[PDB]
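Next comes just one chain, in structure tokens: the form deposited in one PDB entry.
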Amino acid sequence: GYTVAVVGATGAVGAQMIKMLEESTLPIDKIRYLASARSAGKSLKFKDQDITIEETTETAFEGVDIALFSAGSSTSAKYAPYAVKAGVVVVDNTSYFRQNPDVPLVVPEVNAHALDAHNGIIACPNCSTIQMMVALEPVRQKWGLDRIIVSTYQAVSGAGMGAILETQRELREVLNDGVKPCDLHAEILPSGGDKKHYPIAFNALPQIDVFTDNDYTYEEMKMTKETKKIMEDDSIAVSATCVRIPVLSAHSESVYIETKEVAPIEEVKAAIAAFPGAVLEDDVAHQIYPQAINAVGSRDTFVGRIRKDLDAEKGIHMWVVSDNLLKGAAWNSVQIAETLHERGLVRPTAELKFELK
């Protein structure tokens, strides 16, 4: 069996990484929980066992076979290369390594083949991208993809544990204290690292991450660039609007595509139903469609509202929902680790391609 380390064990994704590992088939002989200095010495469960949390350092990775990182891009940048030097295979949830050509950016149902040539780091895409890829890959396989326009409805847990607490507190202030939403005080959302913070309670904030030079946010640009890398096709046109709404868990997406060839809607529905990881929930006669509250706790990605555009011959609209901490993060990561195990890919990398510090 493996020694597995969870880096960021105390965070929102980390807690789900623990659950997904507890529920995993991976043969784990030893589990280690790593976080920051302020968490060291605390205890968290692995099943029935008490695990003492350790500080993450450049020397903490000796003897580790697999490390799952979800402790912020800074932490991956600092420590993942030391892990690789120590002989670890890293699965990274952060954005840091995603566009490095030496790093596979993987959704196992779509591009598991990219794992074979890994150099010790495998990147998990962002939540919003992952669920979109699970929904769209079976369509691309049969009819191609020319363009995507997506508008998202993203849950606050994607911004971490603090964002969840901020949202709950704000809603209580409005509902219990009669505070006007526009009068609420915010400290984290829309983006912890940006200059100004705004309430999310009873609001829709069209900003996730910070703004890039082209007036799209980094979240929107990640959907664009990650799609192109995962589907191995720079010709797919992708433009996104990424919006935070008052939901704690599960992202929803209104997704428009134009295919290369006309894709009959009943065949599109069947292709999605048949695709591993995607579940068709589409029966409008009985008001059946994906819902955030129903998706929470499931590893599946749910697709419905599938219908042709009213005018564009090759246009199709749909609604895609998945738990953003599960398929959107921790489950995609554990699934990658399970796929590495299946394929005999859990072993030290000989050539170090990642600069130390």
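Definition used throughout: the rigid core is the maximal C-alpha set that superposes within 1.5 Å between two forms. Start at 1 with the first residue shown and count on from there.
Of the two stretches examined, 81 to 89 and 259 to 267, the record assigns the greater average C-alpha temperature factor to 81 to 89.
Averaged over CA atoms, B-factors in the entry run higher in 118 to 126 than in the other of 204 to 212 and 118 to 126.
Highest C-alpha temperature factor among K30, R299, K314, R307 per the entry: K30.
In this structure the maximum Cα B-factor among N324, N332, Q291, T59 is found at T59. Ranked by Cα temperature factor within the chain, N111 sits in the middle third according to the deposited record. Ranked by C-alpha B-factor against the other modelled residues of its chain, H251 falls in the lowest third. In the deposited entry, the Cα temperature factor of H197 sits in the middle third of values across the chain's modelled residues.
Per-chain ranking of the deposited C-alpha B factor places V279 in the lowest third. In the PDB entry, a CA B factor belonging to the middle third of its chain's modelled residues is recorded for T25.
Below: the form deposited in another entry, not depicted.
Only one candidate in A37, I293, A312, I288 has its Cα displaced by 2 Å or more between this form and the one not shown after core superposition: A37.
The Cα shift for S24 between this form and the one not shown, taken after rigid core superposition, is smaller than 2 angstroms.
Relative to the superposed core, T10 undergoes a Cα shift of 2 Å or more between this form and the one not shown.
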